[PDB]
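Okay, structure first, notes after.
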Amino acid sequence: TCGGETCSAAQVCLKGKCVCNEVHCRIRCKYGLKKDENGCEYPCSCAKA
């Protein structure tokens, strides 16, 4: 575990906390990237607005 929590596939355990991993997306989107419920932009997809 990561400090009492399980990190999602979008996160990495750094210093005992789940944080979003670095973001590298090639798609170009009118409203930018979609965030999951932790705020992370993984997998890369265009946001609905």
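Simple scheme: letters A, B, ... for chains in structure tokens order, numbers from 1 for residues in each chain, numbers from 1 for ligands in the order shown.
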Identify, on the basis of only C-alpha atoms, every residue whose closest approach to residue 11 (chain A) does not exceed 12 Å; exclude the query and any residue fewer than 6 positions from it along the same chain; express the result as a list in words. residues 2, 5, 17, 18, 19, 20, 21, 22, 23, 36, 37, 38, 39, 40, 41, 42 and 43 of chain A
Pull the strand (DSSP E) assignments for chain A out of DSSP run on the backbone, and list those residues as a VMD selection string. chain A and resid 11 to 14 17 to 20
Which one is closest to residue 16 (chain A): A:44, A:30, A:49, A:3? Count only C-alpha atoms. A:3
Shell of 8 Å around residue 31 (chain A), only C-alpha atoms, local chain residues under 4 positions omitted, as a count of residues only: 4
